[PDB]
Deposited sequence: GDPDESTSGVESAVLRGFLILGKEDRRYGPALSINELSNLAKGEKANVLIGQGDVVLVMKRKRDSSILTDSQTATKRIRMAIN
């Protein structure tokens, strides 16, 4: 249930208010890879997490003779 989701999330510490209001465990799967968020893990226990799965040349070219 909870730990089947949290398995895939590194818990960074307790609630850090500057990353927004707390998410539910169900909203947690929509958290962007690489971003951090607060989740309610239970009772009055809010925790900061991020996903364990993490995402990652010439933009223009000139023609010459």
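Peer 1: Where are the holes in the model when you compare it to the deposited sequence?
Peer 2: Several stretches lack coordinates - namely 1 to 9, 66 to 72, 82 to 83, in sequence order.
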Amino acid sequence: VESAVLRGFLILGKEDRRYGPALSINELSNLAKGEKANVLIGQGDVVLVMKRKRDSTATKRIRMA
From here on, numbers count along this sequence of modelled residues.
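Peer 1: Check the entry's C-alpha temperature factors for 11 to 19 and 46 to 54, then say which stretch has the higher mean.
Peer 2: Higher of the two, by average CA B-factor, is 11 to 19.
Peer 1: Select lowest, middle or highest to describe the third in which the CA B-factor of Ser29 falls within its chain in this entry.
Peer 2: As the PDB entry reports it, the C-alpha B-factor of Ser29 lands in the middle third of its chain.
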